[PDB]
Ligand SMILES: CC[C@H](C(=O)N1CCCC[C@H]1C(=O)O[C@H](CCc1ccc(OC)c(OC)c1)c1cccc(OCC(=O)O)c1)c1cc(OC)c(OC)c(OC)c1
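Quick setup: one chain, the form solved without the ligand, written in structure tokens, and binding and motion questions come after.
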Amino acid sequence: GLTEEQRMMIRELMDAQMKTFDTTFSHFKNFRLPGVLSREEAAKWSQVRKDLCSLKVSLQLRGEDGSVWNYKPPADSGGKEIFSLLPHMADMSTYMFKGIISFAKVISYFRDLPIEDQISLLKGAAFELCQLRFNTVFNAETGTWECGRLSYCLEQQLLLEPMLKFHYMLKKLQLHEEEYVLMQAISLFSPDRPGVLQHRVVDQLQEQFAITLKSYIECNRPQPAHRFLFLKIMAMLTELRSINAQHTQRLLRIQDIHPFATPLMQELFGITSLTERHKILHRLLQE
């Protein structure tokens, strides 16, 4: 069984997730939508075109009245059209990042850290926590992320893209809500994020969440069958960390030639003292 402490750790994470994860995206509003519309630089563009190809989705918006708007992105032609969904995706990402910041803030263990460590951990884990939450709304039979009234439908070859293969593989583990949130806590309290100062304290907090998850699995899942479920989860978190680094690099390349990041995204991703370089994040953690 779980110790009283492990049970309480899970309760706090579950309370934090229930208060800050808008699972139906009911409060995601006022977002932008695609509208009715040289040697070195050429290289930059070429790498970017590749960057965008992989994650191509159509967008579906279901109205209250029963109507449906569907958006099929353009094929890659000359150029600029390839960025048509960027403003929308920047709004969705920003909305998800705010929910991830709120999550962390409700956690005692996280609040007890020095503000600059709170900042450093959130910058290092934001994308990872967003992907873990998006996996819960991922429909693997249709290749769709079902976000309330919004849906993003992917447009063997897919498995080639590390982010898609991650969603398929994680979904197949059929995790419990508790296991997802513990995964979120482990990613969040990663002692090795750039700029972390209380490395030892974070490292120990991470080990506690990892032990709680290992014990949750031993106690709540049928024996032999789920013998290596904890290790498969840890492998998925290692892979997610690699996808996060690949993502940041892709984001920076795109931003370089076609700015689209929101102010909060700029802070999270390093786009243009640690509290002075992250005033928005600081204010969000301060309130």
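Here, rigid core means the biggest group of C-alpha atoms that superpose within 1.5 Å across both forms. Numbers follow the displayed sequence, beginning with 1.
Below, we refer to the form deposited with the ligand bound, which is not included among the displayed structures.
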Practice task
Can you work out whether the ligand is within 4.5 angstroms of a heavy atom in all three of 57, 92 and 167 in the entry with it bound?
Solution key: yes
Fill in the blank from the handout: For the ligand in the entry with it bound, the stretch among 93 to 101, 198 to 206, 181 to 189, 111 to 119 with residues bearing a heavy atom within 4.5 Å is 93 to 101
Practice task
Decide whether residue 88 counts as a contact residue for the ligand in the entry with it bound under a heavy atom distance cut-off of 4.5 Å.
Solution key: yes
Handout entry: Any non-hydrogen atom of residue 233 within 4.5 angstroms of the ligand in the entry with it bound
Key = no
Exercise for the section: Mark residue 107 yes when one of its heavy atoms lies within 4.5 Å of a heavy atom of the ligand in the entry with it bound, and no otherwise. Expected result: no
Problem - residue 152 within 4.5 Å of the ligand in the entry with it bound, heavy atoms - result: yes
Practice task
Heavy atom within 4.5 Å of the ligand in the entry with it bound: which of 210, 217, 130, 175 fits that? Just give me the one.
Solution key: 130
Practice task
Heavy atoms within 4.5 Å of the ligand in the entry with it bound is the criterion; list the residues of 227 to 262 that meet it.
Solution key: 247, 250, 251, 260
Fill in the blank from the handout: Out of 30, 26, 223, 242, the position with Cα displaced 2 angstroms or more between the shown form and the other one on rigid-core fit is 223
